[PDB]
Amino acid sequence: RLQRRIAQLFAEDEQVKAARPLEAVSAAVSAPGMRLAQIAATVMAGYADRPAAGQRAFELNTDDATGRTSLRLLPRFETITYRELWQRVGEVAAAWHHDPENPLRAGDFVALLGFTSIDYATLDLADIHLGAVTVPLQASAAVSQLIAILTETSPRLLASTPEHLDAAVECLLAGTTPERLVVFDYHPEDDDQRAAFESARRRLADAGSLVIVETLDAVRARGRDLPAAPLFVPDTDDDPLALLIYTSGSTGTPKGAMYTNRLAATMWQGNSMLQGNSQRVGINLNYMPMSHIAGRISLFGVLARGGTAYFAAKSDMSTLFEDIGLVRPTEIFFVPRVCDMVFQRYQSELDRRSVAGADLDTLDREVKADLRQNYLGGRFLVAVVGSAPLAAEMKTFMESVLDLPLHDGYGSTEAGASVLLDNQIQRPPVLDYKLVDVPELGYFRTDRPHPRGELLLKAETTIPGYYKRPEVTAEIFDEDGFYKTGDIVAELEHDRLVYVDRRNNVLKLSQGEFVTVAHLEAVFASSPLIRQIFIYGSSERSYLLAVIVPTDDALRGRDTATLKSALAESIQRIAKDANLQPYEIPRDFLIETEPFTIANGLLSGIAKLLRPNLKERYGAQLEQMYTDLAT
């Protein structure tokens, strides 16, 4: 089936045919001495006349009752070519390099606060063009954390989308180093965005700040009237810092993972099997933020193949399936949250269509085909899931919907994106690994069917450490230079590993049994009644609780007691299918009707649960539930 789809595609679909990578360009990009900016330059020249990037079309609607004008999204995308994108980059790079008073120099830090967009890419590529160090701030971060990062990095420039200007201005009023505030993704005919921009300008002026607040459009206009900027190419023996990717773990404090010029280059053309992908057509919907490695690889990896990178219209996945259905990408990268959304759409549709006359011999297949064709676009050739665990049942469901394999990719900000693919160690980039016993969590080389322990890694893609964090950096490498992943794995055989959970997520119950709470959250995602779930336990208790956000369908026509009974029954079925032990099953739960979001601090920018924030939010209620059940 797949092979026939591909043949039809490459015979009838002119968009796909025109986007086929050029072997000659990929060869040039691969050349041994190519540095980061040269890769960018070579790609843009090589694919000049092709569509490179796309964003939702929009119009400006004026409500005559409020008199207010608002940007409204239209059901189509518009593109710009490689030539056009590189022209924009060149204008920015010229504006920054040839500035009469205070030009930017290689090694200077530039902070960017946004999502992922044509403008974001423009700014990011301009940093690369000049050898500036990009600091892609996590939009999920609290202002105090943003200020701490700015203090650490002392950037000379801050760029922000209008949605984040309130945060940007607070950062600048706190006396941080940026000399200019560049507003991008900016539509001045939208009254809300114009208000945000004018407020920023007014507030900084009122404070007596010397910061210059300007639009990206104005920066480009200035650059248009200047000579071309030099392309930064480091000494053959040098590998300067190019990028910091901030990441947070046990202690919620963000650390800046150091990406050198060479490490950042792997995001364009990697060396692994999946980041190699050299001849696959790359028509992509980018919905992960540029503040995450996955978002960067999604953009740069597609540009390196002369494909077309389409940007999702919103950062909270609220337009995701509209966007994917319009773009009809040839490849899709899933995070488990998105798989959940596909499953939840499937369940809603199946339930709705399961009427008296329905042929249940066939309805399941129809609903999945609807998802495959109309929600996922029907043109994808490959699919990958990563960033968090996907449970076996959900993986089987997804493969049934996709009608092709869902590759599981394991990696990290520290170690590299390509560590495991379908449980196989990837060489390159991996050089060596070992498992280390974790006695306190009951994981040993001598275990049940398979050795278990913490994964320690050597790889070409490991970071040198975290920016200005000497002690933390010392603690993440062992005495033989292995990076300590903090992740528990099971070793099926040499180079074949199964991810278990993060060490941090392993909980010992009062009876002595260990539970892996993120793994379990993934298992229960398969309940048709659960929209989201957070599992919580206490080492002083013998059983687990959960905070459950029910689906809208689950809530309909039920009171709390009946809803809890329904959820308990579904959890029981899921647990039996997944062969769980009794202690791995949540026994009681908090019903939460407000979903976890980026905005309320409970999801990350890639839609992973923020466990420290969930515990802060629900911990007191959950502990009270333990006592109330006790009494």
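In case it trips you up, residue 1 is the first one in the sequence shown, and so on.
For the higher mean C-alpha B factor in the entry, choose 209 to 217 or 107 to 115.
Comparing 209 to 217 with 107 to 115, the higher average CA B-factor belongs to 209 to 217.
For the C-alpha atoms alone, is the average B factor greater in 56 to 64 or in 40 to 48, going by the entry?
Per the PDB record, 56 to 64.
Just to confirm, going by the entry's C-alpha B-factors, which of 307, 230, 464, 325 comes out highest?
Most elevated C-alpha B-factor of the set, per the entry: 464.
Using the entry's values, work out which of 93, 141, 367, 294 has the largest Cα B factor.
Going by the entry's C-alpha B-factors, 141 comes out highest.
Would you check the entry's CA temperature factor for residue 82 and let me know if it's in the chain's lowest, middle or highest third?
Tercile = lowest for this residue's CA B-factor.
Could you place residue 311 in the lowest, middle or highest third of its chain by Cα temperature factor, using the values in the record?
Ranked within chain, residue 311 CA B lands in the lowest tercile.
Within this chain's modelled residues, let me know which third the CA B factor of residue 500 belongs to: lowest, middle or highest.
Answer is middle: the recorded C-alpha B-factor places it there.
In terms of the CA temperature factor given in the entry, to which third of its chain does residue 298 belong: lowest, middle or highest?
It falls in the middle third of the chain.
Quick check for you: using the entry's CA B-factors within this chain, is residue 223 in the lowest, middle or highest third?
According to the entry, residue 223 has a C-alpha B-factor in the chain's middle third.
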